Each structure stands twice: as structure tokens, then as C-alpha cells.
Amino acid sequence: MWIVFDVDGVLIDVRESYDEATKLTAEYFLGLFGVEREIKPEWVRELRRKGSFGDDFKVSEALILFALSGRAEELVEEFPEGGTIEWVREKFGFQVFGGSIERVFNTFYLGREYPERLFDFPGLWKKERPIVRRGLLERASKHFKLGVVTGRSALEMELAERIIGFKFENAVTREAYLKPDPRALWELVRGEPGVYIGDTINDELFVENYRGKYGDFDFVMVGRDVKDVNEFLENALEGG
């Protein structure tokens, strides 16, 4: 039987590492324009939640422009559900210049892991913490096929393996497929039975889509259906 995991919020607590990278990146560009007002944490969360931004480089861009305008709070509220960076760019008439934001974001998130760093910085990725106990993955790998489907890139997945202390040979990353596309799960399991362990509704939808297209597969949501992935793995080992 397959046990397939999400990474963020299931195996790894990304202790708001991405959120602080978004904040620091925006505040870096704000500082260039002599704006010292801080980016509020709820703005990052809410804008990402309601938006359909392509990535946190785009979320950072939106926050920079909004905070430059002095009405970020109002603009977060006004921004349409399902909006993208285009709404912001059309509104203010300005956009990011080349990879300016991406280079700064990656400097803050990756630090020395980023070969094109703009300055030396201790990567925010290292504030992420394992939720899963490696001993359980080791124990489970003897009796179940293990895999991951993650929005992480291959490089970010190597980082996750460092944080966890376990290597995943069967992994789907964003180079290949993106949840909630059910082909991501088919890629791994090819119709064999199993379960996917997620932390969000998008994970639930992913598996609903798989059931719609391919066939049966279970879904468990950490913090609703089970306390965490470790209790899940212990129940699986102790009783099927």
C-alpha cells in the first residue's frame, strides 16, 4: 500500500519561513524608496490566500506597490479573490524590473544555498522544523511504498530531505505536476491503492479529483482526521 505525503504542514513545519521571506523582500524594496513602515503579517497571509498569485515573488511585488501607496490595508481588502499580479500592475502602472524581486527573495529564503545571492544571509529555510520523526519513515519504508507530491522544486525537496533526515526516492515536484491535478498522484501510484496525507483543502480536492478520474484512494487531513503524521504512521504500522 502507498503512503503519500504532502511536505509543508505535514512532514515539515514551515514556521512561517516563506511568510518572513515575503516580508523581508518587500521591506528591502520599500527601504530603497525610504519607506520604513513594516509589512504586517496578515497582509502576506491574506493576499496569498485570496489571490491566485503565481509565486511569493509576485506576492512580494504586490505588497511593495500596495505599501508604497500608503493604503496596503485597504488594498488587501479591495484585491479580488482569484486576482493575480496583473491587477496590481494595471492599477499602478509599474511592475518588477526583470528578476529584481526574485533575486532578493531567494537571497533571504535560500541564503548561502543560492549561488546568485545578492549578499550573504543565513537562509530562512533553516528556520523550518521537522514534524515527522525519521524513525517512523524508516520503520514504514519496510512495509509500505512511500512517496511525496509537493509544490516544492527538486532543489527545495533536497532541502526538505535535510530538514527531515530522510530521502524520498518517489517524489513528484512542481517541475512535473501541480496539485490539485490528479495526474501528480497517478504519476506515483499508477492505480495501486494507498492514502495521501495533506494539511489543506487543496490536498483534499487533489484526492477528490483522483477519485473522479482514476479510482479509489484515501485522504487524511492532519489536525482534523488525525493529530499529525506521526500518529498516522504509528496507527498504520500498528494496525494497517
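Start at 1 with the first residue shown and count on from there.
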{"item": "Of 181-189 and 59-67, the one with larger mean CA B-factor", "value": "181-189"}
{"item": "Between the two ranges 40-48 and 22-30, the one averaging a larger CA B factor in the entry", "value": "40-48"}
{"item": "Given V88, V149, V132, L118, the residue at which the Cα B factor reaches its maximum", "value": "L118"}
{"item": "Largest Cα B-factor, entry values, listed residues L110, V76, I164, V96", "value": "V76"}
{"item": "Lowest, middle or highest third - CA B-factor, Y196", "value": "lowest"}
{"item": "Assigned third (lowest, middle, highest) for the C-alpha B factor of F206", "value": "lowest"}
{"item": "B-factor third for the C-alpha atom of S153 within its chain", "value": "highest"}
{"item": "Relative C-alpha B-factor of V222, binned into the chain's lowest, middle or highest third", "value": "highest"}
{"item": "Third of chain Cα B-factors occupied by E128", "value": "lowest"}
